[PDB]
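[1] first piece of the complex, coordinates kept as in the full assembly:
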Amino acid sequence: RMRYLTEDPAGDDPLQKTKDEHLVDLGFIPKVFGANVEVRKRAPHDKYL
Amino acid sequence: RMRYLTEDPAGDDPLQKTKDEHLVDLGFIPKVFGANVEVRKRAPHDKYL
Amino acid sequence: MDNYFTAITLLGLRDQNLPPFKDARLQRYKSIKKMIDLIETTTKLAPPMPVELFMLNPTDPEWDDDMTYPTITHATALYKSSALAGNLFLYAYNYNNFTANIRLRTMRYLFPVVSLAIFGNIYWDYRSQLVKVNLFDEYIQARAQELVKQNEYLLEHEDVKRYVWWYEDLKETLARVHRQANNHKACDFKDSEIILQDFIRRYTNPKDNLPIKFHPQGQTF
Amino acid sequence: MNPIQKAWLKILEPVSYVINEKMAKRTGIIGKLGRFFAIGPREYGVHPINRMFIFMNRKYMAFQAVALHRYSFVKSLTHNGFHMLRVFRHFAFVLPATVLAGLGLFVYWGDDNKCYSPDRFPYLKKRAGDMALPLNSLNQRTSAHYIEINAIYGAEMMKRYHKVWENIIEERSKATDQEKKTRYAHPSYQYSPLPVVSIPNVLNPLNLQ
Amino acid sequence: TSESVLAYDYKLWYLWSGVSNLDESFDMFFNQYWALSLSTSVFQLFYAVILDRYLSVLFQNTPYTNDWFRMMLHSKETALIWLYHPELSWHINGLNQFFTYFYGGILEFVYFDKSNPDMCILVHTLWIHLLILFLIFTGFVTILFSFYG
Amino acid sequence: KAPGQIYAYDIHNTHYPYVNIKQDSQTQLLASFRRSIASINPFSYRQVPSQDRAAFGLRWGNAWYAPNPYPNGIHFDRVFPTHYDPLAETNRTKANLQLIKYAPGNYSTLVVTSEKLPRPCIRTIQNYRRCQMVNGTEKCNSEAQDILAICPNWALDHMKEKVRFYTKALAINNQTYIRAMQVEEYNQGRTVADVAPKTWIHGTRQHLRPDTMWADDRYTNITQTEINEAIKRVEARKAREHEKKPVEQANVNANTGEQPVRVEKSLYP
Amino acid sequence: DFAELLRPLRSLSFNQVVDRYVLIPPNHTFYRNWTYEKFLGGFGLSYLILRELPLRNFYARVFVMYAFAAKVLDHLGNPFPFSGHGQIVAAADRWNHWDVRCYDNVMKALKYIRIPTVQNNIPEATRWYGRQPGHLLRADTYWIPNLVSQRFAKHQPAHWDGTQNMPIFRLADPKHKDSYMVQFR
Amino acid sequence: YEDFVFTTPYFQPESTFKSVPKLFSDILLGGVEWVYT
Amino acid sequence: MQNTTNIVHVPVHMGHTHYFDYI
């Protein structure tokens, strides 16, 4: 369970992801969402570890 | 002039910049802009090189 | 842990001692949480003053010269002087041969010509370095006075008086702040909150969307 | 033996008496210690550096005598003294000129002794703690005029601010609590008097001028 | 790069310890106003706020706020002026914000090294260098150009 | 044309204060002897700098002194994990190549700095503001395009991010304003008129007694008899206050395979 | 003792304090580093007198020189050449690095220890400034084509056009057409 | 403000009293890599 | 950034033993 909940920092390169500056020029204005600060990470049942 | 107009890719680390999810939780909803595709980079006068 | 001296002062550690038990000692830490938010806000209401008061604008074209600091290479001049002296010892140590042996006549004849040219290079560089240093020292002093007499008037602006009056109001305001009790609660500074709120309400408008407005010559830290 | 060794003897004359006469023969360890630090003629006291100079001085000087002792190029031009056909007469003064240039071998050793080093890039690395810098560091520089002129400007202007600062504190001391809390205040502020308390008007807490 | 190198050198360290009254690294303002705040006074809390604003000024080591460029109230020369005019911390924090907003870059966090290394430019160090090479050249002559035996 | 002297020279009045930090008899006696002959001693080294002559730092015997680096738990292992604790030893042991490498900056602090934008990019910004206050914003298009073109892109990103930071700090300062200007339940309806004519000294130890029994001589004349009686009165008040007790809540961190809440720790284990 | 530190300031006015300790007349002609030359140069001068000790036993002077080397190695550190640098703690004064205050890269290298990010790269601004090519002299005797060609070259006056970046020489860039023979490593 | 315009969206003062329970998260300098030999 | 860097969400206790580092 600890290694399931052991993540690495910074994730992946945001520059390899779709840009918001491009979606605007494509016709879709993205909506800005806030951070979900109420969720607690937990491990699944043992059978999935 | 060529080395003034010689940049490197990817700029700086985005994760070290202000997040949009954080501004929303602070009370400021950021506005999304579009890319400026009309500007052409040029070198300044020789005295500034 | 910012605002260290302010917090240590509010807890009373400058005159008394904290309770030896964790229950009350910890409540006393949480009691100043309001006052820190207040004193930090007060420190961000200072009015602006001309930046061109104790600091010349570095973006001025006058400073595009990108001038360097002229120096004197004493260590270089001393080594080359000791090396030239070494040649005089080599001639002295071998005086009888250079002087009496005709196979070394060319050295006896031209050794002093080369030594003078070496000395000339040594002293020429030192002398030139010295002249440039003096030309630099006398210019920075003359040009500094012209810039002073030019910008003295900036001290006559009323914003300098406005800046000092704000600093004194904060001194008199913080001098009136006092601890009202020792119950280890936020109510120990009950009356002081009203005093500081009056100070903040005196330089801001609480009934606005952004009572603290941003301007490039303002306070952020 | 040399004069510098003799000078040590006159200075260490009493020390030698204590080690060689008393300690060097008393008994046991005090003997081994005194006989080990005995004072006298140096065993293997020769100085190889002195000798190294004497040898290289002599060998290089024998070379100077050969290189400098050449038949003249000027005298061979007339075809009247000792030289009719000399197809390499123009090489006569090459070795002499090469030996005379050797007098600057040590005077001009390294880059710093051949130019004004502060105008060269390697000087910046030495002043940066022998640290690698970009090659264009000599150009990205702020004017030395600004750094020194602004340092004087800031101070000459502070002496004038100190006098202005005093006149303001004085004029404010003669002001009413109502005036000093409404002047320069926000328009939306409503003045409400505070209880009067004793708060001194001290210019400098430290007893300075 | 490839340039002349010495065999033995000395590196100086202009340490900004802040605990030595022999040099200019002694923070006279901080030590005076700190001891002033220890004694019971009516301005005891005011002096604390002053010291906290002074620390927020050292925290801003920008081109316009640093000792390298000899800026007022940031260099060793103007350390005593803090004793007379401690009210100028706000002016500094605002000035640095004005130039940073218009003519500056992003405020980045870095570690300020107080140890200030500098290679001492000496004369005798090159004498030692020549002596070492003189021994190396003599061996070249002693081994290959010695005809005394 | 006398050389300039620093403020430290007027405290000691000499350039040769033989300050050695090593507190051994051999060292302090030699310093006192060397401190007296520094005027006519060729083996004299300065420790107070001047305009004409540099100086040395503090001496440690024959070597030089520097304070112990501020404790830093960051380290790098080479052969085996050392578990370096900077609080377990007074002086930091030297770093052996095969054992440990310490963090950089033995003597370093945390500051915030900023890069200086290119000079030509600065001149375009000066020209925009100048044309703005003179001709207005609507007539500064040419000066705005020169900025976007001459200023390198890395600078435009900095300018773009400065606005987002100051926008963030602007909110962080206004949230503190709201918490600071909030009127608590214990100050409802109270104004400056209800404030007492007291200053900071009136909340100190001389005027306001601390919450300790031996701060002054208040309880120095108390006897065991008076104590037994006081224990009876406090127990009397508890006959009316102990009637209430908070109810036990559920443990939000009951599941060990769940990210626990950083709940306030108990005063005692 | 805190009041004893301010004794010279109570007798002075603010203008006298500035003119005394702040506005010191600039004079950059002194040999400030003589303090270090005298101290460290004394090791060599001391070795001249110490190598002449009348100690008879050769191995007793081995001990003396071992003690003298210990005194030096407390400052020099590494006994081998071309290995490292000595360590001298010096006093901090306004004249530290006084002749290089104009250079920006020297300040960053001495002062700033930058924190590496996840996107492990040198700051783009630092990389961009680093591409602005420095000035490299044309004079070159190491490349035999220039050793011959530059003997027939005519040095013409370069009339100042009002700038500080006139490329009257070649540029220190590997891709410059007059510097491609230089190895940048 | 003082002859300067700083465009910002409408500030929501309600975000000040946003309930954000702190969560546990420990960083381990010295851990596991992706592959081992 | 350090290669052996991990972020853990649940508490762990490390052994204070010489020559070893483990949970």
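    Nice, I can see it. Numbers count the residues shown, from 1 in each chain, chains lettered A, B, ... in the order given.

[2] name the nearest residue to residue C:57, sequence neighbours excluded.
    Nearest non-adjacent residue to residue C:57, counting by CB to CB, 6 or more residues apart in numbering or on different chains: residue C:51, 7.7 Å away. In short, each C-beta sits where N, CA and C put it, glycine included.

[3] so what does residue C:150 look like in phi/psi?
    phi -80, psi -30 (degrees, to the nearest 10).

[4] for chain I, see how far away it is.
    Counting by CB to the nearest CB, to the nearest Å, the gap from residue C:150 to chain I is 51 Å.

[5] which bits of chain G sit near chain F?
    Neighbours of chain F within chain G, by CB under 8 Å from any CB of the partner chain: G:4-5, G:7-8, G:21, G:24-25, G:27, G:30, G:32-36, G:38-39, G:42, G:71, G:74-75, G:87-95, G:104, G:112-113, G:123-126, G:128.

[6] these: which ones sit near chain E?
    G:5, G:21, G:33, G:36, G:75, G:87-94, G:104, G:112-113, G:123, G:125.

[7] from the residues you listed, which land in strands?
    G:87, G:88, G:89, G:90, G:112, G:113 (DSSP state E).

[8] turn these into CSV, including neighbour count and distance to residue F:139.
    Formatted as CSV, those follow (neighbours: other CB atoms under 10 Å in any protein chain shown; distance: CB to CB, whole Å):
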residue, neighbour count, distance to residue F:139
G:87, 18, 62
G:88, 19, 61
G:89, 22, 60
G:90, 26, 57
G:112, 17, 41
G:113, 15, 46
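
[9] need the max-distance pair from the residues you listed.
    G:88 and G:112 (23.0 Å; CB to CB).

[10] which of the ones in strands among the ones next to chain E among the residues of chain G next to chain F sits closest to chain I?
    residue G:113 (15.3 Å; CB to the nearest CB).

[11] now do the strands in the chain.
    Unless you meant another one, I'm taking chain A. Under the criterion DSSP E, strands of chain A are mapped to A:6-7.

[12] not quite, go with chain H.
    H:26-29.

[13] helix, strand or coil for residue G:156?
    Under DSSP: H, G, I helix; E, B strand; the rest coil, the three-state class of residue G:156 is coil.

[14] chain J should join the structure above:
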Amino acid sequence: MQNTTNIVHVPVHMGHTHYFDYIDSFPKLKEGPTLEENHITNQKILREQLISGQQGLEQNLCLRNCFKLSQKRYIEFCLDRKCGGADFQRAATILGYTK
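    Alright, chain J goes in next:
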């Protein structure tokens, strides 16, 4: 990502020579006037500026120095105190900052 990677915004031509890599030319490079021609051209401007561009200069310099200030309210203070009660818009037209 290759460490020696650069993004260039102007055309460059690389030489295809063995053992060497460099920029041998720039497309459509025009050789301007020589340093001597620009020198002569500039001296004609400085000569006229020295003979006919030195009257009424002290006033223009004060106006230029006033406009190098940070805030507008300080400029008006500089004009009224140093430039003899000048107007902001009237001085900006002289300096050529007006459209």
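
[15] re-run the earlier check on the nearest residue to residue C:57 with chain J in the model.
    residue J:68 (6.6 Å).

[16] on the three-state scheme, the one you found is what?
    Assignment for residue J:68 (three-state DSSP): coil.

[17] what about whatever residue of chain C ends up closest to chain J, how many neighbours?
    Nearest residue of chain C to chain J: residue C:153, at 4.6 Å (CB to the nearest CB). Burial of residue C:153 is recorded as 14 neighbouring residues (other CB atoms under 10 Å in any protein chain shown).

[18] show me the contacts for residue E:130.
    By CB atoms under 8 Å, 6 or more residues apart in numbering or on different chains, the residues touching residue E:130 are D:106, D:109.

[19] and residue A:39, how many neighbours does it have?
    For residue A:39, using other CB under 10 Å, the count is 9.

[20] distance of it from chain D?
    43 Å.

[21] from chain A, which residue is nearest to chain D?
    residue A:15 (25.9 Å).

[22] that residue and chain H, how far apart?
    Residue A:15 is 22 Å from chain H, by CB to the nearest CB.

[23] what's the answer for residue C:128, then?
    Residue C:128 is 51 Å from chain H, by CB to the nearest CB.

[24] excluding covalently adjacent residues, which one is nearest to the residue of chain H found nearest chain F?
    Using CB to the nearest CB, the closest approach of chain H to chain F is made by residue H:22 at 3.7 Å. Of all residues not flanking residue H:22 in the chain, residue F:262 sits nearest, at 3.7 Å (CB to CB, 6+ apart).

[25] tell me who's in contact with that neighbour.
    Contacts of residue F:262 by CB under 8 Å, 6+ apart are H:21, H:22, H:23, H:24.

[26] just to revisit the earlier point, give me the neighbour count for the residue of chain A closest to chain D.
    For residue A:15, using other CB under 10 Å, the count is 12.

[27] contacting residues for it?
    B:10, B:14.

[28] close to chain G, is the one helix or strand residue C:164 maps to?
    Following DSSP states H and E, one finds residue C:164 within helix C:158-176. No: Helix C:158-176 does not reach chain G (CB under 8 Å from any CB); its nearest approach is 15.6 Å.

[29] chain center to that helix, what's the gap?
    How far helix C:158-176 lies from its chain's middle: 24 Å, per CA atoms, centre = their mean, to the nearest Å.

[30] okay, chain K goes in next:
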Amino acid sequence: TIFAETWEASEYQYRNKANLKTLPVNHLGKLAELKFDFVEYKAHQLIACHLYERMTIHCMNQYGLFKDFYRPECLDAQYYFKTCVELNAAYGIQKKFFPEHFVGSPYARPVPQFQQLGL
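    Once chain K is put in with the chains from before, the structure reads:
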């Protein structure tokens, strides 16, 4: 500002940057190096940077500021105190305006809302 005597070290370590410094607790071992006699209460040794402050006072009372305060046990306390308040001032500011840089902050790696997942 820290409103307690104890703080979680991970809360003052960076999540997206290399960790080259920590915010350690007061070094209680330095308190035993003072040779003279002094009175110190255990209730004041845990609060950040205050122990080094009281030690500096004890050393400035026993000794002065000239030729007697210059001993290793007293100068390290003054250097620690001066260094502790500078680091804590910067960390406190960085926590106030850059809370997303530190571990434990929900903004260092924001968790998305369920509306952003497309389910």
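
[31] could you re-examine the contacts of residue F:262 with chain K now present?
    Contacts of residue F:262 by CB under 8 Å, 6+ apart are H:21, H:22, H:23, H:24, K:8, K:104.

[32] distance-wise, check it relative to residue F:252.
    Residue F:262 is 11 Å from residue F:252, where distance means CB to CB, to the nearest Å.

[33] packing partners of the helix holding residue C:164?
    helix C:33-42, helix C:190-203, helix D:144-173, helix D:177-182, helix E:44-58, helix E:89-103 (3 or more CB pairs under 8 Å, 6 or more residues apart in numbering or on different chains; DSSP states H and E).

[34] now do that helix: everything it contacts.
    C:39, C:42-43, C:45-50, C:192, C:195-196, C:199, C:202-203, D:161, D:164-165, D:168-169, D:172, D:180-181, D:183-184, D:194, D:197, D:199, E:42-43, E:45-46, E:49, E:87, E:90-91, F:198-200.

[35] of these, buried ones?
    Listed as buried from those are C:39, C:42-43, C:45-50, C:192, C:195-196, C:199, C:202-203, D:161, D:165, D:168, D:172, D:180-181, D:184, D:194, D:197, E:42-43, E:45-46, E:49, E:87, E:90-91, F:198-200; burial here means 16 or more other CB atoms under 10 Å in any protein chain shown.

[36] just give the number of residues close to whichever residue of chain D sits closest to chain E.
    The nearest approach of chain D to chain E comes at residue D:129, 3.1 Å away (CB to the nearest CB). By other CB under 10 Å, 19 other residues sit near residue D:129.

[37] which non-adjacent residue is nearest it?
    According to CB to CB, 6+ apart, the nearest residue to residue D:129 is residue E:117 (3.1 Å).

[38] check contacts around residue D:76.
    Per CB under 8 Å, 6+ apart, neighbours of residue D:76: D:82, D:83, D:86, D:89, D:92.

[39] which among those residues gets closest to chain F?
    So of these, ranked by how close each gets to chain F (CB to the nearest CB), first place is residue D:92, at 52.7 Å.

[40] any part of stretch E:4-11 near chain G?
    Yes: Stretch E:4-11 reaches chain G (CB under 8 Å from any CB) through E:5, E:7, E:8, E:9, E:10, E:11.

[41] quick one, what contacts the third one?
    Yep, that's residue E:8 we're talking about. Contacts of residue E:8 (CB under 8 Å, 6+ apart): E:125, E:128, E:129, G:76, G:81, G:86.
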